[PDB]
Each structure stands twice: as structure tokens, then as C-alpha cells.
Amino acid sequence: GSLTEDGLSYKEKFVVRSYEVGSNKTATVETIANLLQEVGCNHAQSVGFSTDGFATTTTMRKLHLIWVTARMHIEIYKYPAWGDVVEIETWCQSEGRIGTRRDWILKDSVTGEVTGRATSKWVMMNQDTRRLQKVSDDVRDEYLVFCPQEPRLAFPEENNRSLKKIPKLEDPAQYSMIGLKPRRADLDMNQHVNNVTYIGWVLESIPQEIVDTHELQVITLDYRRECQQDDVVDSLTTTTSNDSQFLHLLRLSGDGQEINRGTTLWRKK
Amino acid sequence: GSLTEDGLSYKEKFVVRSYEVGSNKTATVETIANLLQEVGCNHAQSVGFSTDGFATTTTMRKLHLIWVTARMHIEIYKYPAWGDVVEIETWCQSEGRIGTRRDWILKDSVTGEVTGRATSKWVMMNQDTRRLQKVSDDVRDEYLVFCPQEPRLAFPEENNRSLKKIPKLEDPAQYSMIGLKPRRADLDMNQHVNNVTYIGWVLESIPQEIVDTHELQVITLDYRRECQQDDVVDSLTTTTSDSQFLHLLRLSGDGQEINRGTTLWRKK
Ligand SMILES: NCc1noc(-c2ccccc2F)n1
Ligand SMILES: NCc1noc(-c2ccccc2F)n1
């Protein structure tokens, strides 16, 4: 991959691998999410920021500050088949003091048609204390020369699903998968659970008959709290709905501490 | 990637990704194992065999026959760092009626130095009845024009590590990780548990202090029986010593064996 001509975005091509595809012989949403974070990292690398998933400045490193994902929103129109080449363009934009947005556009490299889009909200957190804080002006300005100054949105539309509030699933859940635990392959280089793992865990409580008769069009996931290496997760799903829609909750298997909530939208094949 | 000049081997380059590396910022043995499987598939594709992990002929398809892994053996001298290019060359060779071998050599693209090698034994199985059978002469012949005729071994040395018998760990195990279950991401396109998942499960009962102060040099893993989508696995490890370990995977209920193995680790 490379920075584009204006230096304000980053593009990379990926060949979908045998082990990245599901029963449809196309890429899983987890492979897609992995590729989003790969191009995100390579973009950080390309302009001198940290390449540990946190994309930090020297200023932030001095202060033990990191970026953490608050929300992921992914919309897929066609999943790339095994052997197919998918092109991903990615950029960031500050949303003032709240935090920053990273957005992506996925294309068929052959036709150049848009096959998916994603957006994510990130917030600044002290690494050690876990306390959020508004982005300081010194730090803001470090990033602004790497971001477009005119609004550029993967999700322009006035009211769009990427910004909707997600309610809290009430017991009893229609469906559950109990006792989920991360293994070493679920951890990043920092030994923190990889954000994509939580997508896997959300989808584990979707009944197999849905997965066999539907394709995932939209997923929205909020991140509240991280699952530690030694934590155990319960995944909860309730039907809310030709389209199928679900409300989702991840919570710690003991005390029921919320770690994530989300929605998915599925369309008959 | 591409078949090489003589058409009897296949080569591919891989850029190591951010999410593919562990705490040392180098590729995990599971990332390596996945790339072995990927070049294997691309080699099958390049000469017209099935691309579903089974590399079947049209004959085998009529008979509902598949190739199944009996043994994986992997030796790594240097794990590629994030952003590094690793080149993997791969080839198959018939071992008569017993089955076939796929071998790999891993290189640093920049230096051309060997950074690891792997070998695997495959047996022929009826996919419905799960009965083994020796390889048909008509099936042998279909594969011989795509394999070297002169012996070509990742592990040439008589009685090397890759051919040793693995004994059955006896209770009580020194270390365990219990109640392991596959998720949808551990399944392939056939909805069978991916072979690399059993590698992750073996290593889950290595103490963290070992992983933190050692690098994995050798893994040998026998595959005896499949974990189904809805099965639950216990992972057992005992120190047999460099650090060495004996490994056993078995179903959480009745203690049916699915895998046994060994690992060898060196202090950093
Ligand atoms: N707006 C805040 C911001 N946060 O990251 C970035 C960023 C920009 C370009 C390349 C990598 C990057 F991480 N900007
Ligand atoms: N010896 C039996 C055998 N089994 O696979 C092969 C094989 C050869 C070349 C390319 C792909 C292949 F799968 N041969």
C-alpha cells in the first residue's frame, strides 16, 4: 500500500486467503475487520505514529495516553471471494475534543465498484488509570496536517445507522453462548484482546440457521470495557425484527459487567 | 505466487501483518501454520486439484475420498518480524501406498537465508465413513506428474525429529487448560475445525512464564480424530526436560484422544 497523491489517505490491496473464508467461500466479517485494522496500522506507520494499534504521538507516549475504539460500524454489500483482490482506502478526521473518526471504503480492485464501508470512533485514555479525557490542543494539532480539513464521511447521510443509540438487552435473552474465553491467538502484541475477537463473540449467539440462510449486511458494536486474558464472556442475542435484525450484549460470565453491546442486520440470500 | 521453472514446486511471498505477530513483534507459530496451508492450497489450485483443503482428483471426488493430515512437524530458526517478507516453497511426494508428504522451506526474501522448514504426512480417508484406505494405483498415477521423482526432503537425515514416535501423557498432567471450544472463526469453508486451531489448543497449556522467556523451536503434532463444532477439549502438558514438553488434547467428557505432540523451546 501507499499514501494517496494528497498524503491525506492510505490505500492497500489484499488477496483473500483460503483460511479467511466461510461456508459461502467469501471473506468472513472478522477477516474484513482484521484487514481494516491492518490498513489502519500501515497508515499510522506511513506518517511516523506508533504501530502498536494505538497510533500515538511522542507527546501522548510521554503522558501514557492511547487511542481506544468506542464504536465500530461495518456495512458490506459484497464479501470478496477466495482469490479475489479487495482494495481498502482509509483516512482519519478529528471530531474536536470528543475524539477522532477512522473511516474506510472497500472496493472490487477489478471493477472499482464500492463493496463495503466502515467507520469507527476513538477516544483518548490514560493507559494506566483507564480514565478518558478530552483531546488537548497540543495533541490535536500534531494530527491535523495528516487529516482532510473538509468533512469526508464514509457515512454522509443526514440520519445514518452508524450514529444510532444501542439499547441494553433485557433478560431473558432469546439466544446465548456461555463461557467464551480468549486464547493466545486472540491477543495482540500488547497481550490485550484484539477488537475483532469481540465481533466473533457477538456472532457466536446468532443461531446457525440464520448464518446458513442469511448474509450479514450491517454490524454496529460499542466497546465499554475490555475482556482481560483471564476473563470469561457470555454472548446474548434477541431478535428485534425479509430482513433479520438482532440486539446483542457481551458481559463477564460472573458478575454480568457489560463489555459490549451491538446490533446486526441480515438479508436472506 | 507461482509454480517454479520445473513445475514440480510452488513459491509465494507473504508480508507479515500487525494482527499476525505476538509479544516479540514476530509472527506466531499459528500465523506460520496458516501460511503453510495457504501456499499448499495455491499449489493445488495452480495444477487443477480441489481448493477446499483436501486437494482431491475427480476420481477421489466420485469415491467421496479426501486427504487428511496425520502429522504436522514445524522447525523455526527465526520468526519473521511485522512488515518482513517471508518466501515459502512447497512440494508433495508420494510415500507409496501409506500416503503423501507435503514439505515446506521458509526463507527471508531479503537475505535468501532458510528461517524454517516443515513437513506433514497425509492419509486417504472416505469422508462419510471416516475409514482409512491405502492409496489406489489409479490415484497415485494422477499425482506423480506433479511431484518430484528423486527424493526431495525438508528433513533428509535418517531417524530425524520429524519421524519420532510420540508417547501418551499419563495423568496427572503437570499443566492443563480445560473447557476449550471452537468458535465460527476456527472453522474452514467445510465447517470442519481448522488444523491450526489444534496447534493453538496444544500451546494454551504452556505456562506464560515459558512463552515470556523462551521461543518455540520445534512442534510435532499427531492428529488422531477431529474435534466437532460442538465438542469441548482439554489441553494437557508435562515438562520432559532447552525446555521440552509432552502434549495431549482429549474431549472434556470421556477423555477421547484427538491429538498428541511435543514442543522444544530455547531461552531467548
Ligand atoms: N485526528 C486524530 C488522529 N488520530 O490518528 C490520526 C492519524 C492520521 C493519519 C495517519 C494515522 C493516524 F493515526 N489522526
Ligand atoms: N502424492 C499425492 C499428492 N497429494 O497431493 C499432491 C499434490 C501434488 C502437487 C500439487 C498439489 C497436490 F495436492 N500429490
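Lettering of chains follows the sequences in order, A, B, ..., and the numbering in each one begins at 1. We count ligands from 1, going down the list as the structure has it; atoms in each ligand are counted the same way.
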> Closest heavy-atom contact between B:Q127 and B:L65?
Replying inline: OE1-N, 4.1 Å
> Which value, rounded to the nearest 0.5 Å, describes the distance between A:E226 atom CD and A:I259 atom CD1?
Replying inline: 9.5 Å
>> Does any part of the side chain of B:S2, heavy atoms only, come nearer than 4.5 Å to the side chain of B:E12, both counted from C-beta?
In response: no
> Would a line drawn from the ring center of A:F49 to the ring center of A:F54 be shorter than 6.0 Å?
Replying inline: no
>> Salt bridge check, B:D137 against B:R97: does any charged N sit closer than 4.0 Å to a carboxylate O?
In response: yes
>> What does the 4.0 Å heavy-atom contact list look like for ligand 1?
In response: A:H43, A:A44, A:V47, A:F49, A:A55, A:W67, A:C92, A:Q93, A:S94, A:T100, A:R102, A:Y143, A:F146, A:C147
> Does A:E157 come within less than 4.0 Å of A:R117, counting only side-chain N to carboxylate O?
Replying inline: yes
